[PDB]
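What the coordinates show
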Amino acid sequence: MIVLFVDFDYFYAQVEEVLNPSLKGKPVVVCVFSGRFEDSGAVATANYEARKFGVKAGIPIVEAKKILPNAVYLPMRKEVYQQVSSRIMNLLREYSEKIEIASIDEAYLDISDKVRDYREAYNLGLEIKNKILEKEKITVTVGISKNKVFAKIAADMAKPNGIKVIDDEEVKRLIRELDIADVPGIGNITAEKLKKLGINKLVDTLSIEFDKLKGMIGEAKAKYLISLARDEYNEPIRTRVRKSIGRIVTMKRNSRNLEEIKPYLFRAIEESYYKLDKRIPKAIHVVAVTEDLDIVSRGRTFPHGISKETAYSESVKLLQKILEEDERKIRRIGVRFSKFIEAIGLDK
DNA sequence: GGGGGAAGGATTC
DNA sequence: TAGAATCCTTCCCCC
Ligand SMILES: Nc1ncnc2c1ncn2[C@H]1CC[C@@H](COP(=O)(O)OP(=O)(O)OP(=O)(O)O)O1
Ligand SMILES: [Ca+2]
Ligand SMILES: [Ca+2]
């Protein structure tokens, strides 16, 4: 198998640059303004000019401005980025029918039927980069290898505006030398659980007792890492199906008052129904974010689709259930719909 | 901030 | 070698 992974560079900020070329060269910071107070909210993403100085996805807007007070701060326009994204994804389908859209700015292509070696792979990766730049004026990074995991790793090492092949030999090298923290699916919590077991590299997973590894990180991640370390990871390129659609809104103040919470919960419903488009959910979950930023969830599955009116009445009953079973104050409130009428995937 | 999947407990066959 | 499928909420990751 030969996988070609495409990752659009600093995507949201780059789209803003395309729509407003005067922004080119300047630090651009795309933000999610929460509405609590002035510049409350977080950075969604920043271009490389901003990131260079430490302004990155996840930091408070307040903190970003301390670092770069003169950067351009823009509100996230997801609808806009989604349309640009859709156009680029359509362009990629012209290079392979075996395509996996992993997110708004990431897609895997199985080009095993298209190319014979990694030299032609690299060439095809150049063609794709060139095509996206000419049609949309978007630069991307291409990662190429024998599977999805290493194709992603290649892109991670080569971004931005890059292209990298990790051949069979380099795959073996990385198994020995790559910090296991840099493997997709291993976040800070898993990395620390692993380090306490003495696993720092993929190769280390093969010598540790399996039940020790499993007990610590779960059977799934254990098997996953071992399959990688054995150079036997194979996961096919498959069409991802949206399984849930929702919205969580931040309230003006923390609250356990049903009447004060209701309007926010109802706005989340309205937005969520808009997003659903033609999808009809059979399941609804109310999701509360507590004052200490914990997450509490209660849901219901119906043997039928949920009308907006049923969503309204059920959501209150579910929020009442949360209020009863958790004494903490609620900071954010929202709703998530799933179990869509009519096929495989499409719900949870 | 949205959203997917696995962990782990409970249920039921 | 081994309860195991399934449903539910929490946990963890990532984009
Ligand atoms: N707190 C948050 N709020 C909203 N969206 C967030 C977020 N944290 C992350 N995201 C989302 C929004 C953007 C994305 C950030 O992840 P990458 O850095 O992988 O994507 P890109 O921006 O293209 O940078 P490049 O790929 O060139 O490194 O995740
Ligand atoms: Ca990207
Ligand atoms: Ca990591």
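This entry, as listed in the PDB, derives from X-ray crystallography and reports a resolution of 2.050 Å.

Attention shifts here to the overall build of chain A. Summing up its helical and strand segments, chain A has 12 helices and 12 strands in all. Whereas a compact globule of 348 residues would reach a radius of gyration of roughly 20 Å, chain A reaches 23 Å, a difference of no more than 12%. The principal-axis extents of the C-alpha atoms in chain A amount to approximately 65 × 55 × 45 Å. Sequence separation of at least 24 residues holds for 63% of the intrachain contacts in chain A that already meet a minimum separation of 6.

Another aspect to go through is the domain arrangement of chain A. You can read the domains of chain A as domain 1 (2-10 + 78-166), domain 2 (11-77), domain 3 (167-233) and domain 4 (244-336). Between the C-alpha centres of domain 1 and domain 4 there is a distance of 37 Å.

With that settled, the discussion passes to the side chain of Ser 338. You can see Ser 338 is positioned in strand β12 (residues 330-340). A relative accessible area of 1% places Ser 338 in the buried class. Polar side-chain contacts of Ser 338 include one of 2.8 Å to the backbone oxygen of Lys 348. Leave out the neighbours within four places in its chain, and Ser 338 touches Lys 243, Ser 244, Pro 281, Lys 282, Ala 283, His 285, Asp 347 and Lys 348.

On to the packing of aromatic side chains, then. This model, assessed by the stated rule, comprises 8 aromatic pairs. Ring geometry for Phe 8 against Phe 11: centres 5.1 Å apart, planes inclined by 65°, an arrangement best described as edge-to-face. The pair formed by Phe 8 and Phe 11 is uniform in burial state, with each residue classed as buried. On the numbers, 5.1 Å between centres and 75° between planes, the contact of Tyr 273 with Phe 337 is edge-to-face. Taken together, the residues span a long stretch of sequence, with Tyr 273 in helix α11 (residues 258-276) and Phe 337 in strand β12 at a distance of 64 residues. Each member of the pair, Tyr 273 as well as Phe 337, is classed as buried. A network of ring pairs unites the aromatic residues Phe 8, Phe 11, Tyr 12 and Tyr 81 as a single cluster. Taking the ring centre of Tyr 264 as reference, the NZ or CZ of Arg 267 above it sits at 4.4 Å. Across from the ring centre of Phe 340, 5.9 Å away, lies the NZ or CZ of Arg 279, which sits over that ring.

The environment of DNA strand C is made up of 22 residues, and the closest members are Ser 103, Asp 105, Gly 185, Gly 187 and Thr 190. When the atoms of DNA strand C within 4 Å of the protein are sorted by group, sugar and phosphate make up 100%. For DNA strand C, a phosphate oxygen lies 2.8 Å from a polar atom in the backbone of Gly 185. Contact between DNA strand C and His 285: a phosphate oxygen at 3.0 Å from a side-chain N or O atom of the residue.

We now examine the coordination of the calcium ion (ligand 2). In this structure, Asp 7 (OD), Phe 8 (O) and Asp 105 (OD) serve as the protein donors to the calcium ion (ligand 2), at separations of 2.3 Å. Counting the intervening residues between successive donors of the calcium ion (ligand 2) yields the motif D-F-x96-D. Taking the relative accessible area as the measure of exposure, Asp 7 reaches 2% and is therefore buried.

The next thing to look at is the site of ligand 1. Ligand 1 sits among 16 residues. The nearest are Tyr 10, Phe 11, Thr 45, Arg 51 and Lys 159. With respect to ligand 1, the backbone of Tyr 10 contributes an N or O atom lying 2.8 Å from an oxygen atom. Separating an oxygen atom of ligand 1 from a side-chain N or O atom of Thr 45 is a distance of 2.5 Å. Relative to its unbound accessible area of 590 Å², ligand 1 is 62% covered by the protein chains. Elements that contribute at least two residues to the shell around ligand 1 include exactly β1 (3-8), α1 (11-19), β3 (41-46) and α2 (48-51). Taken together, the residues of the shell around ligand 1 break down into 9 nonpolar, 2 polar and 5 charged. Residue-level mapping places the shell around ligand 1 at the junction of two domains, with at least three residues from each of domain 1 (2-10 + 78-166) and domain 2 (11-77).

Scoring rules and cut-offs
Residues numbered from 1 in each chain as written, not as in the entry; some residues may be left out. Chains lettered and ligands numbered in written order. Heavy atoms only, no water. Residues with missing side-chain atoms left out of burial classes, pairs and counts. Helix = DSSP H or I, 4+ residues; strand = E, 2+ residues; numbered from the N terminus. Rg over C-alpha atoms; globule rule 2.2 N^0.38 Å. Contact = heavy atoms within 4.5 Å. Domains from an automatic or database assignment. Buried < 20%, exposed > 50% of the residue type's maximum accessible area, 1.4 Å probe, protein only. Polar contact = N/O pair within 3.5 Å; in protein donor to acceptor, adjacent residues only side chain to side chain. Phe/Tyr/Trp six-rings, centres within 6.5 Å; stacked < 30°, edge-to-face > 60°. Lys NZ or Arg CZ within 6 Å of the ring centre and 35° of its normal. Near = heavy atom within 4 Å. Donors = N, O, S within 2.8 Å, 3.2 Å for Na, K, Ca; no water. Areas by Shrake-Rupley, 256 points an atom, 1.4 Å probe, with all protein chains shown as cover. Nonpolar A, V, L, I, M, F, W, Y, C, P; charged D, E, K, R; others polar.

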